[PDB]
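> I need the structure of the sequence given here:
(chains A, B and C, ligands or ions: 13)
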Amino acid sequence: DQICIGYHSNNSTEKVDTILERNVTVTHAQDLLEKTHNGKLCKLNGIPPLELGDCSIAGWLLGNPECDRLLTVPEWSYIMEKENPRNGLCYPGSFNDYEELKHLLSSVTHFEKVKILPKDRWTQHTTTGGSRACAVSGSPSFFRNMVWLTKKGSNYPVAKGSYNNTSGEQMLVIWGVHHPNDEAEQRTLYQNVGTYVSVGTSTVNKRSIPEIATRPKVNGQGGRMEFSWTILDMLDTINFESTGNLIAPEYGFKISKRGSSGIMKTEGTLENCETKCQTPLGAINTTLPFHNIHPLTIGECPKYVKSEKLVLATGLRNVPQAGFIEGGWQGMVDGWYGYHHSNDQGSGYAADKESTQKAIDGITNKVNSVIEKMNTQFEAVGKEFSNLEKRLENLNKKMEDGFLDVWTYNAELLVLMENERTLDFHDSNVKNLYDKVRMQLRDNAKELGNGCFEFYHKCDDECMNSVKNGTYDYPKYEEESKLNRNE
Amino acid sequence: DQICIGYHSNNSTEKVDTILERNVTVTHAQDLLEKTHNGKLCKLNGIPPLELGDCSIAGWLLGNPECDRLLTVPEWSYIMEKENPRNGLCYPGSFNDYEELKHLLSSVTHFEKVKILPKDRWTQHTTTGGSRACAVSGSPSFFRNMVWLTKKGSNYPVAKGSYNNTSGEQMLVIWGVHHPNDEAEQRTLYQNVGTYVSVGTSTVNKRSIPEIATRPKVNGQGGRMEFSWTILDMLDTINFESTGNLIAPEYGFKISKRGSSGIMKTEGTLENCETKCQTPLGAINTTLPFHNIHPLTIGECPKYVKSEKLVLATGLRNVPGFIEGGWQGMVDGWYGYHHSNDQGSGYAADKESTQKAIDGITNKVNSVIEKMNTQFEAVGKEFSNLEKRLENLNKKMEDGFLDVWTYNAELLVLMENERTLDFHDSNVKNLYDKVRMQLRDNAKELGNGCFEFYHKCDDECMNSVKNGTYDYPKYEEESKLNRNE
Amino acid sequence: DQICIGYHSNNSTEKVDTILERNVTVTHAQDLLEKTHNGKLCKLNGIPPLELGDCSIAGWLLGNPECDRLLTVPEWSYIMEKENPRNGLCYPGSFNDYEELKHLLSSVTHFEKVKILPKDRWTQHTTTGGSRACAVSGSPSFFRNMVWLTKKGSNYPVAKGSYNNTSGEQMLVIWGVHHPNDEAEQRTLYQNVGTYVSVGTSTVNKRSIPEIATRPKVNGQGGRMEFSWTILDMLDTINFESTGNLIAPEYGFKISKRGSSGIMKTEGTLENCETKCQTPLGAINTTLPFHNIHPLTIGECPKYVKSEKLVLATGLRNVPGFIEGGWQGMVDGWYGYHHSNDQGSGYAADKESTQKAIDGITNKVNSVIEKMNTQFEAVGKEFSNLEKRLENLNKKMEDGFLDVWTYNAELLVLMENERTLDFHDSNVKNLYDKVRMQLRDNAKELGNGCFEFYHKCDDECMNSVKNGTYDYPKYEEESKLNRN
Ligand SMILES: CC(=O)N[C@H]1[C@H]([C@H](O)[C@H](O)CO)O[C@@](OC[C@H]2O[C@@H](O)[C@H](O)[C@@H](O)[C@H]2O)(C(=O)O)C[C@@H]1O
Ligand SMILES: CC(=O)N[C@H]1[C@H]([C@H](O)[C@H](O)CO)O[C@@](OC[C@H]2O[C@@H](O)[C@H](O)[C@@H](O)[C@H]2O)(C(=O)O)C[C@@H]1O
Ligand SMILES: *[C@@H]1O[C@H](CO)[C@@H](O[C@@H]2O[C@H](CO)[C@@H](O)[C@H](O)[C@H]2NC(C)=O)[C@H](O)[C@H]1NC(C)=O
Ligand SMILES: *[C@@H]1O[C@H](CO)[C@@H](O[C@@H]2O[C@H](CO)[C@@H](O)[C@H](O)[C@H]2NC(C)=O)[C@H](O)[C@H]1NC(C)=O
Ligand SMILES: *[C@@H]1O[C@H](CO)[C@@H](O[C@@H]2O[C@H](CO)[C@@H](O)[C@H](O)[C@H]2NC(C)=O)[C@H](O)[C@H]1NC(C)=O
Ligand SMILES: CC(=O)N[C@H]1[C@H]([C@H](O)[C@H](O)CO)O[C@@](O)(C(=O)O)C[C@@H]1O
Ligand SMILES: *[C@@H]1O[C@H](CO)[C@@H](O)[C@H](O)[C@H]1NC(C)=O
Ligand SMILES: *[C@@H]1O[C@H](CO)[C@@H](O)[C@H](O)[C@H]1NC(C)=O
Ligand SMILES: *[C@@H]1O[C@H](CO)[C@@H](O)[C@H](O)[C@H]1NC(C)=O
Ligand SMILES: *[C@@H]1O[C@H](CO)[C@@H](O)[C@H](O)[C@H]1NC(C)=O
Ligand SMILES: *[C@@H]1O[C@H](CO)[C@@H](O)[C@H](O)[C@H]1NC(C)=O
Ligand SMILES: *[C@@H]1O[C@H](CO)[C@@H](O)[C@H](O)[C@H]1NC(C)=O
Ligand SMILES: *[C@@H]1O[C@H](CO)[C@@H](O)[C@H](O)[C@H]1NC(C)=O
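Numbering: from 1, shown residues only, chains lettered A, B, ... in the order given. Ligands and ions are numbered 1, 2, ... in the order given. And now the structure:
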């Protein structure tokens, strides 16, 4: 006739950390952080990305001779570009608002080349110009998308061109103006002086004047070229007029499948896989709600935290050794709480039903809640800046770092707090069960000193299950117990 | 014959949430989130706002003929403007640094129109130009503040004008340049080519050259007009000089009564009402410290939280001895002192514990309100179509800060709810075992959170017991004699 | 033959705060905030700063005659500059991208002046020009680092100049263009009209045109000057070419020592002392991990929080058995174990719970001071008069982040205080109930929180029950006999 209280223990070895103690041991724990990747660039949802190779965005758009494989591109999901591309602008020059164009391009998925000004339409000029900088097989050449207008014979008639956008979507147009290096070159190229280039649309008004100066040679050239761009609207019209130094476009780019994408800076190549999201260092395939690989990602993946370990305790403090004051019992595999019984006719290792289910519900509800709360984390997006906007770059970097630090601190503190609370709740529950049993057993027994007491009158297995069900009736057979303790 | 401990209960049915479980019932609860608005736009401390109606800011400033009701404007409190006003620039063109002007205007309450350059002072030019773009009653017209200088006869003498700012406050001046669409138009208008417009002050020095090209027709016009602005200082002067294509001003705006204001983006209309803080969706009249209507407000108004429920539990768990449930028969205090003597009974309560309980919860609520008084407040801003990066940066800033503060508020509320519940349980248990310890062994524990007094006594006995002055040597001998049986 | 449980008490009168009540007296408390300073500016790590005085950055770089002390400058640590310097541009004008230049200069520790275009090389023009705006001792003068080119006789031949950067590091070059105020002045100064100034490098291409207009008189002059700057790279070349209105440079600045520094907008003068961190109000020499002096600091120094009190408790709640209050005579540990046998008494304390309490306190202190080590730092910046939106956005940045971090710190310390007090109470109660549990029933609880013993034990009994080695079946027959 003996019953005692304890808890289930096993041979686990995982460890967790709390606000007051470190590397403490627990019965069951669940990880929350993913830190492995396959280290490859692979397809996203079956749509292979666009591999720029050695070229650059400007080289691809203008049609550099080297980038001959990019004359027609299918749909893509993200753009892969190197850090310092080689084949950029073959003829030296610049590009106004490069970074704005890149930011706009970041959210475009497909393109469509449209011929807006056929080359042969210029019947009063020369259109076969080319330089040695952009040369193939020794012979000079030029970009594949623009036309160089030079005087034919000995005169340069005024050049006029216009287009009405009836394609069906917004169009992107690029044009350029050439700056010579000395007056003799200007005279022998355009047979005029003091020329101008004027571009007009419904909302854009521009008029540029070529500049002549002496500059250091780049790629064996003393000249320069300056390019500009604009977004042509629906049913609008753009007008071209110049007296020289004009680089007219020959193709227009029409946005067709505007979606969500990004630009990724890496040096890798393209493999054959299929992931759910991509990272510059590789691809991630996991279900945990956290990762610490790289702050910039494309697709869908868990949040990024700048930590290294995040372990959530969901069990008892494993303290292996017939009572709860010495430790748990290895023989308990059914429930989480000890209700060991030992009658005269036999013993048993029963558990308590009420406590186990409430504990299970509490822990699963709390796990769901802690997962759910952090769903509003901050996310980062790549951006570009020129060399005259250092303040903006500093501001952007500070934003990213500050928000990442704040969220990291929040998550770590929450996890440590939760571990501590879980341990305290479990131990509180164990004393709660014990003293509930003690008051239920109105005297009639003495504590041996092993966290449990021995009954002073002989009950039976019916009495055991009656006490277990919280249905013990003290005045029912109290007289025999009184007689026994009278001894 | 015995006394028992319990706690007061009632029939309230409000629900709160905590970290461990959700949707639990407490006797008394408080609310912190306000989520109702009257859906109207009205005054602000008796100062009606400025209702631009169907005009944009540029149209009002330049003096578009449509916005003829805004020629003179009294003091205002905030400015209401539609998303895409119809009457903006009648003559097609552009405005330089529009967004900076709007941001500067966001913190000015009153204006004052001052005539600086009288129209009749130009005695060597023609000042009756106009166009069909800004036409009233069929006849061509122009803006009501600028002057279009054209050639008189067949010559265009150089134009000179100046003004010295002695008004007594900073001034705002606007001028403009005109770009024709062909050489013949320029020759017909100004008789000369290769002209220029020069503007010079003590700090700003500028010079523009008119540009000629062919453009698509907008509003039936091929030309364009470019406008620029500057701020004059006290006791400063500004000099105008040009040979053509000059759009001279006639009125300067003097800044008086600088204060705090804003720009409001809505399609509503002013009504007859009074409020204390205003939102794009309506007014707010409440004393709670939180709301979730709209992030942009004007005037003093509670903090904004992107959530939907915020309830602070200040009571006990509701259930129907203290181990079986509470008692509805107790309303004076909080904790149970069910007394039942031989000659009577009672439902007294511990007045002492109630005092520390109520002051604790009150200062807790006050502190919780206090900690979040330093919230982050958003401010409206405007960006052109060439600063998408800046606009994205600003939007990300706002969303990040709002999310951070929302998370903080929710976590704090849950923490406090759990702490309060555990605290109340702790005081109940502490009172129980303290009473048991004071009573020592001169009784028998009935096992129902109540022990039956074993020593016989009148009201003085347990009166001293609740007073904490129970004397063991008073009734140890008789109790021992009785329990010896 | 009696024992009782208690806790050590002292006479300390330091009050702490918590989320439940205010101004609670404790036994031992720490501090984490520093709020004092010497109110002086002096050397950082033994390297004196650069003291501009009354000259702005432009005045120093161009070589204003007033700032003659700054012709040669040694290494520095940070730059001291008044908010509205007087001796700026002696000749009225402007500067292109002034703020970008200041931001770039914020991270440079030493310069090096190199003569790239000697003055006498211009043999076809006149280089003795000067104005009354920058006048020393009555006679007209000019900037010390620029050359003004005028007509030579009655002709202005085309001016050309070039320089190849072989110095060995990145160089900074400054040039300028002159805007007259009337046509007669332009003719009498340069003999030509419709001139231009052209500057060309491997990356920068520019061509400006002088502008003529009427302007108000500033400093007695109606003209204006416009300056620009660029960064010359390794083995690059810069070409100058103009036909008038050119302000050619004479010295090039070479970036020698690159490091970390900043610009401080102060008003005082350099003093003679040493420090490790510097703030616009004074120097800080402490070891606590927080301060509330000024958001902008230079060097290494604790973090900035916008609070007024951060007190951490690390001891029992001070209050004069354990139910009556503390023990003034307990000076050994933290949990009393009062021993009193028939032959004598004792004041032994528990040496077990003390060590775990101490190590837990140390662990929590380290954790709290370590969690915030990844805080946010503020860096000074400057914005022009047409970038109000940028300045507003920067201010909102700084204020928001500071508020977030100070709120987090206060919340953490309050929770820590609550947990510590509750933990100590739990420890003492647990010790008492554990002692009672081992005692079994051979004593009667007097009511002072401790029980008078039943059967006459001795010092061996006393130390055995102290060690948790009591054996109830060993010696209880005497208790049973005397129970009657
Ligand atoms: C229409 C055209 O392409 N013309 C020239 C072109 C231009 O004259 C100029 O180079 C543009 O910047 O240059 C090309 O020949 C260049 C050649 O010109 C000599 O005069 C000079 O001495 C050489 O050093 C070299 O620059 C070219 O390949 O760039 C093509 C064509 O002759
Ligand atoms: C001084 C003035 O305002 N004159 C004209 C003005 C200008 O001549 C010019 O059009 C503004 O850019 O324009 C207006 O008249 C011109 C009108 O002439 C028709 O023949 C033509 O078909 C129209 O497109 C238009 O150019 C005008 O209506 O804009 C008014 C004024 O007489
Ligand atoms: C560009 O093409 C569109 C499409 O034809 C032109 O819009 C038409 O204009 C005529 C006016 O002569 C109207 O009768 C049609 O109804 C318009 N079409 C539509 C679909 O609205 C537009 O005018 C052209 N652009 C220019 C500058 O002429
Ligand atoms: C603009 O008006 C102001 C005020 O009339 C002029 O300032 C005065 O200038 C004279 C010239 O010596 C001084 O004697 C006065 O003391 C000035 N007034 C004050 C109040 O100080 C100013 O000169 C005028 N601007 C111009 C360009 O003449
Ligand atoms: C500036 O000076 C450098 C240093 O001499 C020049 O670089 C040399 O150029 C010649 C070409 O004739 C090469 O043979 C040398 O090997 C280069 N030197 C080094 C160290 O690489 C440079 O060319 C000069 N700048 C210009 C525009 O000529
Ligand atoms: C080469 C030169 O410096 N010339 C003269 C200049 C110019 O003529 C203009 O004034 C400059 O804008 O002006 C002064 O007369 C003057 O008033 O200080 C000084 C000098 O005699
Ligand atoms: C722990 O016990 C389980 C029980 O099945 C067993 O499989 C496992 O090997 C044990 N681990 C060790 C390290 O013995
Ligand atoms: C104890 O915890 C620390 C973390 O502070 C850890 O580095 C160490 O490995 C742990 N001890 C053991 C035996 O794992
Ligand atoms: C991702 O991992 C799961 C197992 O964790 C596997 O079943 C699945 O095939 C993986 N996905 C890919 C694309 O390899
Ligand atoms: C209370 O909240 C719980 C949360 O799971 C929900 O299941 C339950 O339906 C809610 N009760 C009511 C009455 O809405
Ligand atoms: C706001 O509501 C209270 C509630 O009674 C009312 O007394 C008060 O008049 C209201 N405010 C205004 C401006 O009407
Ligand atoms: C301690 O703090 C409380 C805050 O409620 C304040 O009322 C009291 O005056 C403070 N003590 C002293 C000595 O100022
Ligand atoms: C900083 O304070 C400590 C405190 O004693 C002192 O020893 C040290 O000399 C101080 N440092 C300086 C530079 O004065």
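> For the rest of this, base every contact and every neighbour count on C-alpha atoms.
OK.
> Burial check on residue A:448, number of neighbours?
Burial of residue A:448 is recorded as 11 neighbouring residues (other C-alpha atoms under 10 Å in any protein chain shown).
> residues contacting it?
residue A:454 (C-alpha atoms under 8 Å, 6 or more residues apart in numbering or on different chains).
> do you know how far residue A:165 is from residue B:217?
According to C-alpha to C-alpha, to the nearest Å, residue A:165 and residue B:217 sit 15 Å apart.
> Repeat that for residue A:187.
36 Å.
> Same check on residue A:54?
In terms of C-alpha to C-alpha, residue A:54 sits 44 Å off from residue B:217.
> can you give me how far stretch A:236-256 is from the chain middle?
Centroid separation for stretch A:236-256 versus its chain: 38 Å, with C-alpha atoms, centre = their mean, to the nearest Å.
> just stretch A:267-284 next, same as before
The answer for stretch A:267-284 is 13 Å, by C-alpha atoms, centre = their mean.
> residues in contact with the most centrally placed residue in chain A?
Centroid-nearest residue in chain A: residue A:297, 3.3 Å away (criterion: C-alpha atoms, centre = their mean). Counting by C-alpha under 8 Å, 6+ apart, residue A:297 makes contact with A:277, A:278, A:279, A:280.
> hmm, try it at 7 Å
By C-alpha atoms under 7 Å, 6 or more residues apart in numbering or on different chains, the contact list for residue A:297 reads A:278, A:279.
> Any figure for the gap between it and ligand 6?
Distance from residue A:297 to ligand 6, counting by C-alpha to the nearest ligand atom, to the nearest Å: 59 Å.
> what's in contact with stretch A:198-208?
Against stretch A:198-208 from outside (C-alpha under 7 Å, 6+ apart): A:196, A:197, A:237, A:238, A:239, A:240, A:241, A:242, B:213, B:214, B:215, B:216.
> Show me the two of those residues that sit farthest apart.
Maximum pairwise distance in those, criterion C-alpha to C-alpha, is 20.6 Å, between A:196 and A:237.
> How about the residues of the stretch 101-250 of chain A by ligand 5?
Within the stretch 101-250 of chain A, the residues that sit near ligand 5 (C-alpha under 6 Å from any ligand atom) are residue A:216.
> All the helices of the stretch 101-250 of chain A, residue numbers only.
A:183-190 (DSSP state H, counting those that start in this stretch).
> give me the number of residues near the one residue in it that gets nearest to ligand 11?
Proximity of the stretch 101-250 of chain A to ligand 11 (C-alpha to the nearest ligand atom) peaks at residue A:203, 47.0 Å away. Counted by other C-alpha under 10 Å, the residues lying close to residue A:203 total 16.
> go on, the one 3 residues further on?
Other residues lying near residue A:206 total 12 when counted by other C-alpha under 10 Å.
> and residue A:395, helix, strand or coil?
The three-state assignment at residue A:395 reads helix, by DSSP: H, G, I helix; E, B strand; the rest coil.
> what's around it, how many residues?
As a burial measure, residue A:395 scores 15 neighbours (other C-alpha under 10 Å).
> Excluding sequence neighbours, find me the nearest residue to it.
Spatial nearest neighbour of residue A:395, excluding adjacent residues (C-alpha to C-alpha, 6 or more residues apart in numbering or on different chains): residue C:394 at 7.8 Å.
> how near is that neighbour to ligand 4?
From residue C:394 to ligand 4 the distance is 38 Å (C-alpha to the nearest ligand atom).
> Give me the distance between that residue and chain B.
10 Å (C-alpha to the nearest C-alpha, to the nearest Å).
> Could you measure from that residue over to ligand 13?
34 Å.
> what does the stretch 101-250 of chain A put close to ligand 3?
A:164, A:235, A:237.
> Next up, the contacts around the first one.
Each residue near residue A:164 by C-alpha under 7 Å, 6+ apart is listed here: A:235, A:236, A:237, A:238.
> bridging residues for it?
In this entry, residue A:164 is beta-bridged to residue A:237, by DSSP bridges.
> For ligand 1, state which of the contacts of residue A:164 is nearest.
residue A:238 (25.9 Å).
> isn't the closest one right up against residue A:161?
No: the criterion here is C-alpha atoms under 7 Å, and residue A:238 misses it with residue A:161 at 8.5 Å.
> Looking at the two, which has the bigger crowd around it?
Between residue A:238 and residue A:161, residue A:238 has the larger neighbour count (other C-alpha under 10 Å), namely 21 against 14.
> Show the contacting residues for that one.
A:162, A:163, A:164, A:200, A:201.
> Of the residues you listed, just the buried ones, PyMOL syntax please.
Of the contacts of residue A:238, the buried ones can be selected in PyMOL as follows, counting by 16 or more other C-alpha atoms under 10 Å in any protein chain shown:
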select buried, chain A and resi 200+201
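> would you list the contacts of residue A:238 in CSV and tack on distance to ligand 2?
Output for the contacts of residue A:238, formatted as CSV (distance: C-alpha to the nearest ligand atom, whole Å):
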residue, distance to ligand 2
A:162, 20
A:163, 21
A:164, 20
A:200, 15
A:201, 16
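> in which helix or strand would I find residue A:72?
Using DSSP states H and E, residue A:72 sits in no helix or strand.
> May I have the phi/psi pair for it?
phi -150, psi 120 (degrees, to the nearest 10).
> and it, how many neighbours does it have?
9.
> same question, residue A:350
16.
> you'd agree it is up against residue A:342?
No: using C-alpha under 7 Å, residue A:350 is not in contact with residue A:342; the gap is 10.4 Å.
> Please report the number of neighbouring residues for residue A:82.
17.
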